[PDB]
Amino acid sequence: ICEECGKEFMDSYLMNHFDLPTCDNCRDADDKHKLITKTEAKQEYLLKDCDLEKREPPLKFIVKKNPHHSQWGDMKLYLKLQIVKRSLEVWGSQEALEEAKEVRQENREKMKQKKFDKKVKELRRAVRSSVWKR
Amino acid sequence: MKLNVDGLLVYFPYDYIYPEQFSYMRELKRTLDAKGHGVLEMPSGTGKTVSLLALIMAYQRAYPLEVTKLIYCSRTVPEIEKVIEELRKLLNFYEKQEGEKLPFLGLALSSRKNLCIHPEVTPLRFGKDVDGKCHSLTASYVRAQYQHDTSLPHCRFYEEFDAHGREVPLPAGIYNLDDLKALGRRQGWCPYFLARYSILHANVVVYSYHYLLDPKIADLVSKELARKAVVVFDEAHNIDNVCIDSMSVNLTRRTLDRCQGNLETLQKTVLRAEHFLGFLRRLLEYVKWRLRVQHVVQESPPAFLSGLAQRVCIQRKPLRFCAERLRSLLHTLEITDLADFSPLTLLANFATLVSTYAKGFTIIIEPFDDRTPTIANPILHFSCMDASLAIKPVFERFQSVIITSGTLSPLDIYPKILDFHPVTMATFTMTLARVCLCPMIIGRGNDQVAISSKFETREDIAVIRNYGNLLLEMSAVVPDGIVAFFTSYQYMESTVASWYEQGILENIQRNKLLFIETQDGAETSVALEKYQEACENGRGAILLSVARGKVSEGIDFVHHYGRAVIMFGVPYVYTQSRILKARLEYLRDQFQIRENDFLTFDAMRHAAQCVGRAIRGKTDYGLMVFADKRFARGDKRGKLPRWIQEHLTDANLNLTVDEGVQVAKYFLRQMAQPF
Amino acid sequence: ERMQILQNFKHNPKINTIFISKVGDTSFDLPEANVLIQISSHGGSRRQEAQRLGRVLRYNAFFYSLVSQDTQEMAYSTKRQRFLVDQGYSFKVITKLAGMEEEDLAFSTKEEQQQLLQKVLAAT
DNA sequence: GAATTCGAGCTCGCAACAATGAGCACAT
DNA sequence: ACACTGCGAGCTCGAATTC
Ligand code: SF4
Ligand SMILES: [Zn+2]
């Protein structure tokens, strides 16, 4: 039983995968939902490891071959509708997503300048201590 | 000893039970009342066998309508005889405690070469030979002239069986295989057909796996035995490898060239039906045409059946009855032996498997010989991928089926591969008066060099020396027997013969003798009987062997044989074979099992089986090192089961070679002292 | 390497000493020491020198307490025995050791001693 | 009252993961 | 249509003392 066109069937693309209540014949690759990787969702929607598998209900994934490795491992694929339903559930509203993204993108600019600051304090410490002693 | 589990009165045949063993009978009763399956992990071999039998045999007295018959599938014939001897010890305890007799019989089933009295046929060595010469005397056309009762050959015991062996059954008195031959001797009956007749009216029945999970066997012997029974798959690690090999055939150039001789002999006998010989001659030159190519490896599991109707025009409707009419053609031809037509029955079994079973199968045709660029040796494998296609009769026909072993490594993998839903899925750990095991993971070498057996880290002599420097420094602190499992045979050759060119194998032979376990069974049993002799007199020995070998699964290393068990790497299968590379593509789409989570599951159930062979009993102690760096990872040491994982601390997790000795030297000194 | 330096101390008869720093002031797994040469700990913590003593009793075993005399550490090292003398323990005084000048001890000459003060005073 | 020194544990971003071998029990 | 586990950052404490 589809939840978009109401057609009766055995199976389809989804609802054996992402548990999404639709038939395969809507399909709308770029007009309802697409496949997003676990790494992409994790570094884009700011989801941790303990939200794709433990926030009830747990959304599952699809294992496929890693494209530019071919002998090394896997590539998980979550659904983009299931991620934006989860990111809207874990982080308040849509706007609360990006406002906590601005504080993190300045934090990586914060660590870039202080690692060029702690080296000035450390390397000049060994050359000031030779002058300070007598 | 009247022992009360939650509702039942279990008559235990001992005095002191273990505190975990009460919960094993408690969790097994939770399956039987719910009428559902169960995946129980329980470490020992004995004790588990006598507590599973103490409950179920006492369960069928209080609820004799819900369960009626206990089926007990063990691995092979030594453990078939061992379970029955654990059942007389429980029955004779009930004979002393109650003082009466019972309508209770227990059997044991095996091949015709284990139940045989007739002298001209019993010393036949191969199992397919004794099935033919019996059939040369017990076929229905051989007995067709025996209605005259002439001096024409027959079986004396088989004709004396069906005239007197149907009216009276076996009364009582649990039978071994030797007791069924002794009962068949002094009465004159066949033991094999008496056991197969009385298997329908019994209470405990102990046979192997292949009467129940093998589809061309189980419909003949275990067809109408019981609809409300209890099946126990004991020591059931490799159910997956049994249900695959039961529905997988292998064809090569040597097999098909022998089928032309079978069709040649069938041509001489028809002139002395004709559409079926032209049917088989059509099919044989197509599979030879398919092996005639020297090209890339290719797979086509239902598309083989489409191209079989193009050049040959043979459809799948006569192909489904291919193996049936060939069984009927040899009956009407009145042939003497049927072991000579074993290539043609293998082609007939191949023809009826492509026609019916194509959902999760493949046909992998490999003209490329392994490890060599161009050598003419083609072979096609009809490989089954789905291990749940041979238990779908067994998970459905019976009431409750329990899968029990000692090293089910993740318990949530076995209901994923095998399509069923258990009701308990429990694990247990043995109680101990000491620390009876000291597992350690000896990682990096003595000069801080990694030790792992990868494929690139095998040629360099910074690792081969660190394996030789480990076996040297463990052979001086371990008394009386060290078992060293290697990953393969070409790695055992290329390391022992590279310890000898250095000065390492000279110093190991000063401490202990070393007995290489070779592939052929004649040298191996020589080197195994001298190993158990060397552990009993003063010197001690080292049985260095292969993890996917005969000694790793059959021979049990009881105390002072194998105090240490050394794993020289993670025992992976060949992870680039085209059969395994196609099964994992079926385990990724179906069941969503990761490709790397199955190669480690398969390795941690063969590295925990042979390591768990070192401890069987109360006072058995045993070291067990794991000499690979990759064992320390979380997805590998988290697999190996909870009774060898609850003693693997964080200190014994990346020990070096010299630091792993002083854990071993302190452990064996502490165990050597009385309680 | 906290876990393997500590394990090379117990099950190895070659590595014999270890130089902890404020880590073993609790009920840690320090593996049954036999002496304990405590040098220049916290100020007046009589909780500390009853937790340093906890390593020793886990003569049979005996622990020292190095004090630089005529300094502020002399007043400190009597504040920390104030709890241990209320349990029965007796703190001896070793003014001169049993033949310290005869072996090969460091900082013999004054030239090698002048370099250490220039290393200490350069911190500031 | 407000620092210091050196320890602690808890979060959490960060960078990059891997997987190589060899054979007998069971139905007409 | 990339990516597991260790491992150092901040953050916020405690113990005892200087400032
Ligand atoms: S019929 Fe009986 S005696 Fe003859 S081969 Fe078979 S088991 Fe042996
Ligand atoms: Zn729809």
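Cβ placement follows ideal geometry from the backbone for every residue including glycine, while neighbour counts extend to all protein chains displayed. Here, each number is a calculation from the coordinates, and none is a lab measurement.
Across q = 0.08, 0.09, 0.11 Å⁻¹, chain B modelled as identical point scatterers on its alpha-carbon atoms has Debye log10 I(q)/I(0) values of -0.74, -0.93, -1.33, in the order of the q list.
What is the distance in Å between the Cα centres of region B:599-675 and region A:25-88? Rounded to whole Å, the Cα centres lie 38 Å apart. Take every Cα pair under 8 Å whose residues are at least 6 apart in sequence, average their separation, divide by the length of region B:511-605, and the relative contact order is 21 percent. How big is chain C by the Kirkwood estimate over distinct Cα pairs, in Å? After inverting the mean inverse Cα-Cα distance, the result is 17.1 Å. Give the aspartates and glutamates whose C-alpha is closer than 19 Å to that of B:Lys133, dropping any in the same chain fewer than 8 places away, or say none. By straight Cα distance, B:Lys133 reaches B:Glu120, B:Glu159, B:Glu160, B:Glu334, B:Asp337, B:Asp340. Computed over the Cα atoms of the protein assembly as shown, the ratio of the radius of gyration to the Kirkwood radius (Rg/Rh) comes to 1.05. Ordered by the number of other Cβ atoms lying within 10 Å of each residue's own Cβ, fewest first, C:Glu32, C:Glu111, B:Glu81 fall into the sequence C:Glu111, C:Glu32, B:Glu81. Amide H to amide H distances under 5 Å link B:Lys69 with B:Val230, where only residues 5 or more positions off or on other chains count and H is placed in the peptide plane. Over region A:1-127, Cα pairs under 8 Å with separation of 6+ residues give a relative contact order of 19 percent. Most mobile of A:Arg108, A:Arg124, A:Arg55 per a Gaussian network model of chain A (Cα springs, under 10 Å)? In this elastic network of chain A, the residue with the biggest mean-square fluctuation among A:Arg108, A:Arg124, A:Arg55 is A:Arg124. For region C:45-84, the residues whose amide N sits under 13 Å from a probe point set 7 Å from the Cα of C:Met100 along the beta carbon direction are C:65-70. Across region B:62-73, coupling constants 3J(HN,Hα) worked out from phi with the 6.51/-1.76/1.60 Karplus curve, θ = phi - 60°, read 8, 10, x, 9, 8, 10, 10, 9, 9, 9, 10, 7 Hz, and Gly and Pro carry x. By a straight-distance test (C-alpha under 28 Å), which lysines pair with C:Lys14 as possible cross-link partners, with residues fewer than eight away in the same chain excluded? Straight-distance partners of C:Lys14: B:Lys512, B:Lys629, B:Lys665, C:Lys22. Electrostatic bookkeeping for A:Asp74 treats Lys and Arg as +1 and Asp and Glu as -1; over the other residues with beta carbon under 10 Å from its beta carbon, the sum is +4.
Placing +1 on each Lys and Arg Cβ and -1 on each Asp and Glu Cβ, with no other charges, gives chain B a dipole about its Cα centre of roughly 1180 debye.
For region B:96-186, the set of trypsin sites (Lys or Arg not before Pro) satisfying both a DSSP loop assignment and a count of at most 11 other C-beta atoms within 10 Å is given as B:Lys101, B:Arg125, B:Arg166. Amide H contacts under 5 Å for A:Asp74: A:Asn66, restricted to partners 5 or more places along the chain or on a different chain, H placed in the peptide plane at 1.01 Å from N. Think of chain B as having a plus end and a minus end, set by charges on the Cβ of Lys, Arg, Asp and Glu; of B:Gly307, B:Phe455, B:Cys384, B:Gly307 sits farthest toward the positive end of this dipole.
Farthest toward the dipole's positive end in the protein assembly as shown, which of B:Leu291, A:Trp91, B:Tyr531, given Cβ charges of +1 (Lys, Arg) and -1 (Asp, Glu) about the Cα centre? In the protein assembly as shown, that residue is A:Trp91. Taking amide H as placed 1.01 Å from N in the peptide plane, the amide H of B:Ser400 sits under 5 Å from that of B:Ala229, B:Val231, each at least 5 places away or on another chain. Across the cross-link table entries A:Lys38/B:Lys454; B:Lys96/B:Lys228; B:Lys2/B:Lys48, which are compared at the Cα atoms, the separations over 24 Å belong to A:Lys38/B:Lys454; B:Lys96/B:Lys228. When only the Cβ of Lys, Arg, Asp and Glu is charged (+1, +1, -1, -1), the dipole of the protein assembly as shown relative to its Cα centre reaches about 1600 debye. Among the GluC sites (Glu not before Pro) in region A:1-77, those located in a DSSP loop and surrounded by at most 15 other Cβ atoms within 10 Å of their own Cβ are A:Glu3, A:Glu4, A:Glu8, A:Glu53. Neighbour counting of Cβ atoms within 10 Å sorts the residues B:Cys535, A:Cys23, fewest neighbours leading, into A:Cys23, B:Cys535. When DSSP beta bridges are restricted to pairs lying wholly in the protein assembly as shown, around 30% turn out antiparallel. Under the combined filter of DSSP loop state and at most 13 neighbouring Cβ atoms within 10 Å, region B:26-76 retains these trypsin sites (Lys or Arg not before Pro): B:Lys35. Whole-Hz Karplus values for region B:278-293 come out as x, 5, 6, 5, 6, 6, 6, 7, 8, 5, 6, 5, 6, 7, 6, 7 Hz, taken residue by residue from phi with 6.51 cos²θ - 1.76 cosθ + 1.60 and θ = phi - 60°; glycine and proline positions read x. Subtracting the Cα-Cα distance of B:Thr518 and B:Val573 from their residue separation scaled by 0.36 nm leaves 17.9 nm. Free of any chymotrypsin sites (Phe, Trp or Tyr not before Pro) that DSSP assigns to a loop and that have at most 16 other C-beta atoms within 10 Å, the longest stretch within chain A is A:73-134.
In this structure, the pairs whose alpha-carbon distance is over 32 Å, taken from B:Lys181/B:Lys550; A:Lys85/B:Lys359; B:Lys317/B:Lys550; B:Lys29/B:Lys618, are A:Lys85/B:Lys359; B:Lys317/B:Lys550. Taking label points 7 Å from Cα along the Cα-to-Cβ direction, A:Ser130 and B:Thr374 give a separation of 6.9 nm.
Dipole magnitude for region A:1-127: computed about the Cα centre from +1 point charges on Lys and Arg Cβ and -1 point charges on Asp and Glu Cβ, it is near 1380 debye. Given a Förster radius of 41 Å and the C-beta distance between B:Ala339 and B:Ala309 as r, what FRET efficiency does 1/(1 + (r/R0)^6) yield to the nearest 0.05? The calculated FRET efficiency here is 0.80. When B:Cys436, B:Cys610 are arranged by Cβ crowding within 10 Å, least crowded first, meaning fewest neighbours, the order is B:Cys436, B:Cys610. You can think of it this way: the chain between B:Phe126 and B:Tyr141 has 2.9 nm of extra reach, that is 0.36 nm per residue less the Cα-Cα gap.
Diagonalising the gyration tensor over the Cα atoms of region A:1-127 and scaling each eigenvalue by 5 before taking the square root yields semi-axes of 41, 19, 12 Å, largest first.
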